[PDB]
Amino acid sequence: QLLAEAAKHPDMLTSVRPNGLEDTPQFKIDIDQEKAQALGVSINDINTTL
Amino acid sequence: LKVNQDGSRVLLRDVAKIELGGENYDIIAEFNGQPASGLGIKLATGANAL
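Read top to bottom, the protein sequences are chains A and B. Taking the authors' numbering, the leading residue of the first sequence gets 701, the next gets one more, and so forth. Taking the authors' numbering, the leading residue of the second sequence gets 251, the next gets one more, and so forth.
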C-alpha cells in the first residue's frame with residue numbers, strides 16, 4: 701500500500717522500491733506424529749535423516 | 251504423548267492444562283490498587299541521569 705501511494709506521486713518521489721526479496725514457493729512437509737509413532741519411527745530420526 | 255491398546259490417543263491436554271502465563275509468578279505490581287506492570291530502570295555507571 702505504501703509503495704502504491706508513493707507511486708501515485710511521480711513529481712515528488714522517484715523509484716521508491718523495496719530493498720528486499722518477495723515471497724517465493726517453498727516445499728512444506730507435514731510429518732504426521734501419530735503415524736510415525738504407530739510405525740515405530742522416532743520424530744528425531746526422521747528430522748535428522750531429512 | 252501415548253497411544254493406548256484400545257486405539258485412543260493420549261494428548262497433552264488430557265494430562266495437563268495448557269495456559270499462557272507468566273514465566274515466573276514471583277513479582278506482581280499494583281498502581282493505586284489496580285493491576286499494573288512496570289520497568290525499574292537503573293542508570294549505567296558513568297552516565298547522565300537526565
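Ideal Cβ positions, reconstructed from N, Cα and C, are used throughout, including at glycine.
Tell me the DSSP secondary structure of residue 253(B) in three-state form.
In the three-state DSSP reduction, residue 253(B) falls in the strand class (E or B).
How would you write the range of the beta strand (DSSP E) that residue 286(B) sits in, first residue to last?
284-286
Can you tell which of 731(A), 739(A), 738(A), 740(A) has the C-alpha that lies nearest to the C-alpha of residue 747(A)?
731(A)
Check the DSSP bridge columns for residue 727(A) and list the partner residues they point to.
DSSP lists no partner for residue 727(A).
Rounded to whole angstroms, what's the CA-CA distance from residue 745(A) to residue 734(A)? Just pull it up for me.
15 Å
Hey, how far is the Cα of residue 703(A) from the Cα of residue 725(A)?
23 Å
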